[PDB]
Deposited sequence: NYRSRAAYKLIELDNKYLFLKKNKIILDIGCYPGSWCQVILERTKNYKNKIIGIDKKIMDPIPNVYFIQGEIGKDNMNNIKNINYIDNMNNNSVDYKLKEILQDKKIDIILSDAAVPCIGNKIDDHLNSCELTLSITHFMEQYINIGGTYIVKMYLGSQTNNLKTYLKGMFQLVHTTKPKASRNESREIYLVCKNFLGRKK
């Protein structure tokens, strides 16, 4: 694995079992690429499309589509470039599993870092809503804090179920199952 972050995705998929055959999968904040590697392993003899997005250029991985871009900036609809690159890949399809291991640099003021994390989470969520397939899974990392539950409740407005994982500036994942729309 290119990063020890791979083991976080292994843990997530072991518990929540979302990596399945015949799914289109997007990995946001993919650099240097270990989640992409885990996704490849777990879907080894399956038909899938695996897409990675990061503002940093990732070294290519065979059978993974990479898109350089900052979600919240390089996609057009926020609170063209990423969108048109997705269009090339997806055509008329939406994305079954959207994962985000993205994070904003810490300034060393806990509350500000949490608010910044909220802002990033909202940007990624706004982008997710455009591209997620009905029935799709969305998992997003954030710094746990005062607004986490607000965000969880917001997500419960568009998914059948939303779970907060165990904290690990502590970080959690919001695991969202079965996109239903608003």
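Walk along the deposited sequence from position 1 and note every stretch that has no C-alpha coordinates. Absent from the structure are positions 1, 81-91, 181-185, 200-201.
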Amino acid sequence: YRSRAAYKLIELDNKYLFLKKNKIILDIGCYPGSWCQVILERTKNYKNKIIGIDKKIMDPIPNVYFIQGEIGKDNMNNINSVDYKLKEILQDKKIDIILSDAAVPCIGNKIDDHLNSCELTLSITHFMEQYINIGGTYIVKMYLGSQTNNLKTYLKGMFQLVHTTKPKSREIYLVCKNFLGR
From here on, numbers count along this sequence of modelled residues.
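Higher-scoring stretch by recorded Cα B factor average, 40-48 or 136-144: Going by the record's values, the stretch with the higher mean is 40-48.
Of 106-114 and 91-99, which one has the bigger average CA B-factor? Of 106-114 and 91-99, the stretch with the higher C-alpha B-factor average is 106-114.
Ordered by C-alpha B-factor within the chain, which third holds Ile172? Give me lowest, middle or highest, please. Middle third - that is where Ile172 ends up once the chain's C-alpha B-factors are sorted.
Chain-relative CA temperature factor third for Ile24: Tercile = lowest for this residue's CA B-factor.
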